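What follows is a single structure, written as structure tokens, with notes after it.
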Amino acid sequence: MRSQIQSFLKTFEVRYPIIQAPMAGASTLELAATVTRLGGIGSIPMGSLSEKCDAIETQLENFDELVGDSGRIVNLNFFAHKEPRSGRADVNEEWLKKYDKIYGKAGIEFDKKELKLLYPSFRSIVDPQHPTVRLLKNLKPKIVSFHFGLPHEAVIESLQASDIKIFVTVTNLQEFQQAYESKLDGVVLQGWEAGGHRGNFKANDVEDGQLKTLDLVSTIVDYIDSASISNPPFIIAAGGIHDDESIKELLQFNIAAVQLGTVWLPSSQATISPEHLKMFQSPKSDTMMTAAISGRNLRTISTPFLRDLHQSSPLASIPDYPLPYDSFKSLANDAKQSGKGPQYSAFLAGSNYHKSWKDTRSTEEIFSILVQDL
Ligand SMILES: Cc1cc2nc3c(=O)[nH]c(=O)nc-3n(C[C@H](O)[C@H](O)[C@H](O)COP(=O)(O)O)c2cc1C
């Protein structure tokens, strides 16, 4: 296929084919505004905000104040997973007992009586008249992206009628075809290497092919060429992309742009713990993919506690996402407070985090290093 770079730059009014990945709990408004100012596209993780439309608007307005204008060259990102299933009282209760014991072994008092739901899914917005949909249509960000699946097509179509470009993470060719059939404007091809949660549509799918970002891009682009598909969405690659070499290799597939998460995590505009940062500076451990933290497969740097949590948790025993994240977050908090701290924390990062420290904490320097040849 022909290179999509120029079309992407013109459509989004940007200089460089670079998207800073939305990262719940790690990216900030400041990081996003800075990357948009530098000439890429900043992103705001709003996955928890589907029924909090005031927060959507406030955050966007604070971003506009940081950028200096209301151009809204931004990606607003939401979660569209399946909601946790009813009928799971047995599994859920056993998971609480599990955590009771974890607290006991940590020597932390345990109070928790139920796994609470941290946030709903955008998939539960079935009505195009819902206030969140009306709001996004009014706000007109350049992009609204979805992770974990798609909301109903009536909702997609309504957002598109306001000029917003809609993106979805895909992890395999069948997911790409789903996105094509639903007339998405963009797909983010997420490799197995990617840090944070994997955006496969079936949670923890046992048959996931685990394609590396290069392999996924090659598969998708070959399908487009071979089958003669004439109007493909923008193709964005994400997962393990850490330097100008990595970028160029993927751009040679004639895709639109790259989306990078982990490389920003050392910036002083990101919010990671001193222990997480130390891991970038002196990498000792590999990463691993686990569903035992949140209920859905995510990639983190490996630690003794996270390996324990992972191996102790047969898939059939893990409550649906995001129910285990409530137990995990409450532990990490309770640990932090009662003065144990980060042995119990997560360290989200992709499998090239060990090549991602560039001896700077400056977003601008990191950005310059990435875009040198563009
Ligand atoms: C700390 C962290 C948090 C993340 N949170 C989200 C999120 O809130 N929404 C989302 O769509 N993707 C999220 N992701 C995934 C990124 O969109 C992207 O797929 C990933 O960063 C790409 O791989 P890389 O980290 O190796 O660059 C997150 C990734 C990381 C590392």
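Both ligands and their constituent atoms are indexed starting at 1 by order of listing. Because only heavy atoms are used, hydrogens play no part in the values below, and waters and symmetry mates are left out as well, while side chains stay in. Here, residue 1 is the first one in the sequence, and each next residue gets the next number.
- Nearest to atom 25 (O) of ligand 1 among the protein's heavy atoms is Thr262 OG1, 2.6 Å.
- Atom 15 (C) of ligand 1 has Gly195 O, 3.6 Å as its closest protein atom, hydrogens excluded (heavy atom only).
- For atom 1 (C) of ligand 1, the candidate residues are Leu348, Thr213, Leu260, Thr271; the nearest heavy-atom contact is made by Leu348.
- Counting heavy atoms under 4.0 Å from ligand 1, residue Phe79 touches it through the side chain alone.
- The environment of CZ in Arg37 is sparse: at most 12 heavy-atom neighbours from other residues, nucleotides or ligands sit within 6.0 Å.
- Within the 4.5 Å cutoff, the side chain of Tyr16 has heavy atoms near those of the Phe367 side chain.
- In this structure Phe8 satisfies the ring pair (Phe, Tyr, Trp, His ring centres under 6.0 Å) test together with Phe12, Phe234, sequence neighbours excluded.
- Of the N or O atoms in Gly196, none lie within a sub-3.5 Å distance of an N or O in ligand 1.
- For atom 28 (C) of ligand 1, the closest non-hydrogen atom on the protein side is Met23 CG, 3.8 Å.
- Nearest to atom 6 (C) of ligand 1 by heavy atom, out of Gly261, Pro22, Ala26, is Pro22.
- Taking every non-hydrogen atom of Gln190 and a distance limit under 4.0 Å, the qualifying atoms of ligand 1 come out as 19 (O).
- Among all protein heavy atoms, the one lying closest to atom 8 (O) of ligand 1 is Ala24 N, 3.0 Å.
- Under a 3.5 Å cut-off, the side chain of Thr300 and the backbone N or O of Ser302 do not form any donor-acceptor pair.
- The protein heavy atom nearest to atom 26 (O) of ligand 1 is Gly240 N, 2.8 Å.
- Taking atom 11 (O) of ligand 1 as the reference point, the nearest protein heavy-atom neighbour is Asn77 ND2, 3.0 Å.
- Using a 4.0 Å cutoff on heavy atoms, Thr169 does not count as a contact of ligand 1.
- Nearest heavy-atom pair across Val188 and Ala238 is CG1-CB, 3.6 Å.
- Regarding atom 17 (O) of ligand 1, its nearest protein heavy-atom neighbour is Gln259 NE2, 3.0 Å.
- At distances below 3.5 Å, not a single donor-acceptor pair connects side-chain atoms of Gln20 with backbone N or O atoms of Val35.
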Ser345/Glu275 under side-chain contact (heavy atoms from CB on, under 4.5 Å): CA gap, chis, key distance, verdict: CA-CA 10 Å; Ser345 285; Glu275 290 74 23; over 6 Å; no
Audit row: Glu83, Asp320, side-chain contact (heavy atoms from CB on, under 4.5 Å) steps and yes/no: CA-CA 8 Å; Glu83 296 279 3; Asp320 288 348; over 6 Å; no
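- Under a 3.5 Å cut-off, the side chain of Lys82 and the backbone N or O of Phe201 do not form any donor-acceptor pair.
- Any N or O atom pair closer than 3.5 Å counts here, and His197 shares no such pair with ligand 1.
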CA sep, side-chain torsions, deciding dist, call: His197, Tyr325, ring pair (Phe, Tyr, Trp, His ring centres under 6.0 Å): CA-CA 12 Å; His197 276 89; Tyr325 230 174; 5.5 Å; yes
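- Regarding atom 16 (C) of ligand 1, its nearest protein heavy-atom neighbour is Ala21 CB, 3.6 Å.
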